[PDB]
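Enquirer: Dumping the structure here so I can ask a few things about it.
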Amino acid sequence: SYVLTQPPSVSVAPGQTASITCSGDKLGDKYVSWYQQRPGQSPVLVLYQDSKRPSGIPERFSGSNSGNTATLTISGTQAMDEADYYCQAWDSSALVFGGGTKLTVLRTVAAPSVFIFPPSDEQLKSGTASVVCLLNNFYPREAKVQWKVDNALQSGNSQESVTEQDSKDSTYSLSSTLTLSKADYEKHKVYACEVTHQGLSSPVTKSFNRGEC
Amino acid sequence: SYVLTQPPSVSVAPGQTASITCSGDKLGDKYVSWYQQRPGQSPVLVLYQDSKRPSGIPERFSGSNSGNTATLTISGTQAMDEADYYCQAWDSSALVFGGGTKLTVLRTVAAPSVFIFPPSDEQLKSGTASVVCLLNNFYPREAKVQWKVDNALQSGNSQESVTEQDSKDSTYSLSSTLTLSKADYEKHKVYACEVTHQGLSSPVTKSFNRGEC
Amino acid sequence: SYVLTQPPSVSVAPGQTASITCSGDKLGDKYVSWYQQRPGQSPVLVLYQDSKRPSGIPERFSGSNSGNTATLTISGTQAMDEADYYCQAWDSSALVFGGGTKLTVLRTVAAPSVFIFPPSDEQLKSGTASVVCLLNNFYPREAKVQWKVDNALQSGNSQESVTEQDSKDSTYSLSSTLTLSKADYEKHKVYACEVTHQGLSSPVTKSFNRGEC
Amino acid sequence: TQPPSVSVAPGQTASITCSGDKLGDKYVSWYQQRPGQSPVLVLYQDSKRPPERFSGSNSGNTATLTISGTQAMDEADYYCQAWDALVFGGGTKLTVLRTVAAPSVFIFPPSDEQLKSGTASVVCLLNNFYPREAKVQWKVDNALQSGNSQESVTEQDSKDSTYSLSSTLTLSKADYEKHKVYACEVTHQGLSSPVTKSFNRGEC
Amino acid sequence: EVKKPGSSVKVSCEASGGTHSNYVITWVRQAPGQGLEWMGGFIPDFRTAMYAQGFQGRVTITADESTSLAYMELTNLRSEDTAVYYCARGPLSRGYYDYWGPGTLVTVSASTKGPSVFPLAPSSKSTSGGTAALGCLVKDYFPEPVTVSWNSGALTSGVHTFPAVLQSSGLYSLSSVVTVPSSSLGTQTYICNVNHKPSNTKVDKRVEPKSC
Amino acid sequence: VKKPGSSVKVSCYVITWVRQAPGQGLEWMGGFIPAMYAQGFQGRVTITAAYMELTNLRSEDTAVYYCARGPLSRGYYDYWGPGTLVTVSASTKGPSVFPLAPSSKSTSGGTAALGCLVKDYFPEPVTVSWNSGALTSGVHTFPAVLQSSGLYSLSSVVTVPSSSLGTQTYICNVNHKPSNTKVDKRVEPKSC
Ligand SMILES: *[C@@H]1O[C@H](CO)[C@@H](O[C@@H]2O[C@H](CO)[C@@H](O[C@@H]3O[C@H](CO)[C@@H](O)[C@H](O)[C@@H]3O)[C@H](O)[C@H]2NC(C)=O)[C@H](O)[C@H]1NC(C)=O
């Protein structure tokens, strides 16, 4: 029996190059071909006859076959290159597919930008105040916001809504509302929004006095 | 070589009887003595010749020897019986001490009794209020309180003081005081005091409305 | 308008007597009746004409009505008497239901009993070894089981199962079974089952040495 | 009136503003006071100075204290002096942050001679990283471990703020002879997710 | 199945077939976790009925003896009329209600109204970095969906539109935030374009830094 | 720690003095040319030569002084000399007793808690007795806690049978020798 071995997984960072090897016994005397498979999708050919790439695949992909190791080289890897890679070869009139290789790209950590917006003047005329604190682009999904009015932790009167990472990006974007009522917004001079997250050295607080805007 | 075996450690609650076994082949055929050693102290004699005891030892201490096992029986176990016990035996013109056995005397978990006393009607004339939440007898030291006024967890304006366990008991007593400015007390109808501790299935909260209803 | 009032909530521990009061104006002249409603069900009559009781209700229930209050007296409270009790009274040609009262029975923390059963010899011959740890008659539900094989915490390869709550006692049961291969079990020498749960001063481990017996 | 605090990264430009009506017409002096140390003048008469990283200006209603090439020894409390009687404004605090940095993790197998001595030592090393808080986990054949590993750490270099950590795992002989797969898992800020470096027993 | 607003419902209870009954039928409604209320009465033997004061105008109790069935018709349902409707039967003249029947769940879906737009003031403290975050708030509307576009759809670089969140009342809330350079805060006209098709609501709203 | 209300002196071109309370900033009082006084401390500062004297020390005078010297007519000061630290402590004030009313709701356990609260007293310690020492069962006296301002506080609590609330006289006896103070305060349930 014949077997082709590949590393279980590989890790790299954006803009770097990753090398995937499909090694074997005297594998340099055979024509290999590599298949890329995204999760939930059928495999799509990426390389046939070692290095002759098909039409449509970006030029970044490149491979070679020599000795007992055949390698696939990726340059400028991006968040769209995550997918399993499969090796192929013919032996003794028997097809052989190499073990699945999982190529992962580790995305960098970006700190959030946070703002606090007071309540519109018009809403107060309708007996309702809503202070909204926002967290701009930030990758690590784990985030925590804590509204403290006049330095008194609050809970049970806030809601959270988030979007999905941009296609050509990896950062979310979060926002939190604090639904209040008039005769409660009329007091507690100091209002604050506290956010904790990676990247930030220490929690950052953005505040605004109830008076003087 | 002659070797005796003892249990590694023994745990018993107060008011029960604890038995420690010194076992060995042909062990019961000879005379044994028990030594009690407290940490950082010269060991002392508690039993000699199975059941005979010396002066200065209370009637609680007792022991029996038979077969291939010697038992040290202690009645009225309390915190003063915390020490290590060793079994002695003679054989082949050579002494042999058994492995150390440690005695542990814990106290059963308790559940605190929590009271809340509104502020006086003589303080307010002085422009200050102080709501006090008291936790009564409870053994496990680890306890927590969380002042919630109008359903808004607070921090930074409360202190905790605790006494030491009584002589004939092992229960602490914790008091938590919340000092508020005169104006701040005039609002926030509701007041509460929450406590968490072992022996409570769920946290218990005692609250009193500001109206003194 | 005619309105009846009841305390929002009442809490008691098993074995004690709880009192619920429905208070109105000159309420002694009417013929109050009490209804018990468990969650997601239909109320069932429990008392009509103050004290009289229907057929199919335990003798514990008892009530009274005098002055300006009608009191429902419950004796020997147990876990099956947690539900909402409502007060009724006909007045001015218009039915009037009282405010909802919630009665909650506070449970008592009970420590678990932990055992470990080695893998049977015949099963070992079959080629797979299994180790099972049992915690029964414990409360609250939360409990964490952590295996150990020669001071090596185990991750994965473990199934967890929990039985239904017992109405009479309100105590669960949990079985954690560890599955290995024959050779892996044959290696290593020491096995243990660490349990951490409320009601236990310190974690308790029930270990055994394989092959010893 | 001065800002309560100012935070800037090393090598960056920071500005400290002292505000006041007619301050532009008047002059200003700046003093630096380290914790527990008497204040020392840093600038007088707007730009007059007694290194050259200090720079100040005074015009209109604001005087700016500008620093260039901020470094770890520039942290202090600054004050703005003016005459009107001597009036001293609220002090301002400046901090030198330094930025997060990921640790380069390495794993080395046990030498081929120690085995003849019946003892193996697998060492997992962490290279320069600023935030001291770090955590390593030795999981051999996918099973966490504890009680048989020691960590030693050095102090940050003079012209740097990065530590370095080495975790030595001592395995008794005839224990390293099994458990084909070894690994070292590390967690720390900057890393998006935990990174584990693993080596098979007899791969080469 | 959700009953549309302004419709009616019919709760059915067993009724005497035209002989001695020896029991008085009733009705009871229980809003979720809010207690019990009285609706109306009925005495099979005497065709007469008896309605409560609160539901005087919206209820009507009728019975049919051929089918041995009786029912009450409630019209002009509103969001406040989402609850569980019971049906009890007590003795003739004692007045305590017994043998409570299986519950019936009735639901309605609020109403339809357009959104209200309020502006979120931009940064007041001078941010020299060059990024001031604007945004208008859209809330108190029903049902899904609504669309927000900036400057008549000509600005789509940086616009964020967070998904709508279900308020406690039952309506919806939605936000929209755009980041722009600080230096271009007092020279360009920023306009929200909120459109809600079901209510045919089209409203603009200028957003400018608050005066100081 | 200097006694409050006493006087202290500081011994140090134009010579000036500046005071800096812990984490509060720099405070100027005056200068002297080998005199000028600030408006805030016009009456409590004396300059003689060179040294300066402060009188009527109070709580807020705890700070560190510095001897700074500047040119004749430059408008700036250099050569900030070593700082000299001072520490006032407080005025001695007696306690004020307030009652902690027992719960006005009957309890199935038949137990209620009473207590008198002592606060605004300096210096330590204080002693509390119930019914002239006639009651000493289930009595707790929590240790004193240093309040933020600089004074102290103390609490005492006793648990007694519920039925013994309105049929007995409970009095909190407090004595403070340093202020020769003795106050008795009755503790009774709130009227309703
Ligand atoms: C006054 O008398 C009775 C009041 O109940 C009315 O006659 C009732 O009509 C029902 C309905 O037709 C009849 O019972 C029926 O019997 C046959 C059996 O095949 C069938 O139609 C149904 O199964 C039903 O059971 C019956 O005549 C009678 N109901 C009884 C006796 O229970 C009558 O119409 C009333 N009014 C007048 C003006 O008489």
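Note that each Cβ is placed from the backbone with ideal geometry, even for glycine, and that neighbours are counted across all protein chains shown. None of the figures in this text is laboratory data; all of them are computed from the coordinates on show.
Enquirer: Looking at (1) more than 23 Å from the chain's Cα centre (by Cα); (2) hydroxyl-bearing (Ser, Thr, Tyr); (3) farther than 25 Å from A:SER181 by Cβ, which one does E:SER176 not meet, given that it meets all the others?
Expert: The one condition E:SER176 does not meet is (3).
Enquirer: Looking at the stretch C:155-164, can you tell me whether even one residue there is more than 27 Å from C:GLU122 (Cα to Cα) and either within 13 Å of the chain's Cα centre (by Cα) or in a loop (DSSP other than H, G, I, E, B) (or both)?
Expert: Yes, some residue in the stretch C:155-164 is more than 27 Å from C:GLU122 (Cα to Cα) and either within 13 Å of the chain's Cα centre (by Cα) or in a loop (DSSP other than H, G, I, E, B) (or both).
Enquirer: Looking at the stretch C:144-151, is at least one residue closer than 30 Å to B:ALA110 by Cβ, more than 17 Å from the chain's Cα centre (by Cα) and among the basic types (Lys, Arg)?
Expert: Yes, some residue in the stretch C:144-151 is closer than 30 Å to B:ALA110 by Cβ, more than 17 Å from the chain's Cα centre (by Cα) and among the basic types (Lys, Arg).
Enquirer: Sticking with this one: Taking the condition within 12 Å of another protein chain (Cβ to nearest Cβ), hydrophobic (A, V, I, L, M, F, W, C) and under 30 Å from A:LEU153 (Cα atoms), does B:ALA143 pass?
Expert: It is false that B:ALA143 is within 12 Å of another protein chain (Cβ to nearest Cβ), hydrophobic (A, V, I, L, M, F, W, C) and under 30 Å from A:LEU153 (Cα atoms).
Enquirer: Also: What is the number of the single condition among (1) within 14 Å of chain A (Cβ to nearest Cβ); (2) farther than 27 Å from A:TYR139 by Cα; (3) of a type in the set (A, V, I, L, M, F, W, C) that D:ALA174 does not meet?
Expert: (1)
Here's the yes/no breakdown for (1) surrounded by 20 or more Cβ atoms within 10 Å (Cβ to Cβ); (2) facing chain E (nearest Cβ under 10 Å):
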| position | (1), (2) |
| --- | --- |
| A:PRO118 | no, yes |
| A:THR128 | no, yes |
| A:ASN137 | no, yes |
| A:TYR185 | yes, no |
| A:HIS188 | no, no |
| A:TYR191 | yes, no |
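Enquirer: Just one of the numbered conditions (1) surrounded by fewer than 18 Cβ atoms within 10 Å (Cβ to Cβ); (2) among the polar types (S, T, N, Q); (3) touching a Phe, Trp or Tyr at 6+ places or on another chain (Cβ under 8 Å) is not true of F:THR141; which one?
Expert: Here F:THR141 meets the rest and fails (3).
Enquirer: Can you tell me which condition D:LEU65 does not meet? The list is (1) part of a strand (DSSP E or B); (2) surrounded by fewer than 20 Cβ atoms within 10 Å (Cβ to Cβ), and all the others hold.
Expert: Answer for D:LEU65: the failing condition is (2).
Enquirer: Which of the numbered conditions does F:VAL158 fail, given that it passes all the others? Conditions: (1) more than 14 Å from chain B (Cβ to nearest Cβ); (2) closer than 27 Å to B:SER207 by Cα; (3) aliphatic (A, V, I, L, M).
Expert: The failed condition is (1).
Enquirer: Look through the stretch D:44-59, keep the residues that are away from chain F (no Cβ under 13 Å) and loosely packed, with under 12 Cβ neighbours inside 10 Å, and return whichever of them is nearest to D:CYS80 (Cα to Cα).
Expert: Across the stretch D:44-59, the extreme among qualifying residues is D:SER59.
Enquirer: Being within 11 Å of another protein chain (Cβ to nearest Cβ), polar (S, T, N, Q) and crowded, with 16+ Cβ neighbours inside 10 Å: is that true of C:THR101 here?
Expert: yes
Enquirer: Going through the stretch E:177-200 one residue at a time, which ones are assigned to a strand (DSSP E or B), more than 10 Å from chain A (Cβ to nearest Cβ) and within 28 Å of E:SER124 (Cβ to Cβ)?
Expert: E:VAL180, E:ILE191, E:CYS192, E:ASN193, E:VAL194
Enquirer: Specify which of the listed residues (D:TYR78, D:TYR27) is hydroxyl-bearing (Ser, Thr, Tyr) and assigned to a strand (DSSP E or B).
Expert: D:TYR78
Enquirer: Among residues belonging to the stretch E:23-55 that are away from chain C (no Cβ under 11 Å) and either among the basic types (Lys, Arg) or within 16 Å of the ligand (Cβ to nearest atom) (or both), point out the one that is surrounded by the most Cβ atoms within 10 Å (Cβ to Cβ).
Expert: Result: E:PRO44.
Each row is one residue, and each column tells you yes or no for (1) more than 11 Å from D:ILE16 (Cβ to Cβ); (2) of a type in the set (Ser, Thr, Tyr); (3) out of contact with any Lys or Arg (no Cβ under 6 Å at 6 or more places or on another chain).
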position	(1), (2), (3)
D:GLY36	yes, no, yes
D:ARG49	yes, no, yes
D:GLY69	yes, no, no
D:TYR78	no, yes, yes
D:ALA82	yes, no, no
D:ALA85	yes, no, yes
D:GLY91	no, no, yes
D:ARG98	yes, no, yes
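Enquirer: Could you tell me which residue of the stretch E:4-22 is nearest to the ligand (Cβ to nearest atom), considering only residues that are in a loop (DSSP other than H, G, I, E, B) and either within 13 Å of another protein chain (Cβ to nearest Cβ) or within 31 Å of the chain's Cα centre (by Cα) (or both)?
Expert: So, considering only residues that are in a loop (DSSP other than H, G, I, E, B) and either within 13 Å of another protein chain (Cβ to nearest Cβ) or within 31 Å of the chain's Cα centre (by Cα) (or both), the one nearest to the ligand (Cβ to nearest atom) is E:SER7.
Enquirer: Out of the residues in the stretch D:95-116 that are more than 9 Å from the chain's Cα centre (by Cα) and of a type in the set (S, T, N, Q), which is farthest from D:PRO3 (Cα to Cα)?
Expert: Filtering first and then ranking leaves D:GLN114.
Enquirer: On to the next question. Counting only residues that are closer than 14 Å to E:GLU14 by Cβ, within 14 Å of chain C (Cβ to nearest Cβ) and exposed (fewer than 14 other Cβ atoms within 10 Å of the Cβ), which one in the stretch E:56-103 is nearest to the ligand (Cβ to nearest atom)?
Expert: Among them, the one singled out is E:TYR99.
Enquirer: Here's a follow-up. Within the stretch E:91-126, work out how many residues are farther than 30 Å from C:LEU47 by Cβ and among the charged types (D, E, K, R).
Expert: Residues that pass the stated criteria total 2.
Enquirer: Given the condition within 18 Å of B:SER130 (Cβ to Cβ), in a loop (DSSP other than H, G, I, E, B) and more than 22 Å from the chain's Cα centre (by Cα), answer yes or no: does some residue in the stretch F:129-150 qualify?
Expert: Within the stretch F:129-150, none of the residues are within 18 Å of B:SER130 (Cβ to Cβ), in a loop (DSSP other than H, G, I, E, B) and more than 22 Å from the chain's Cα centre (by Cα).
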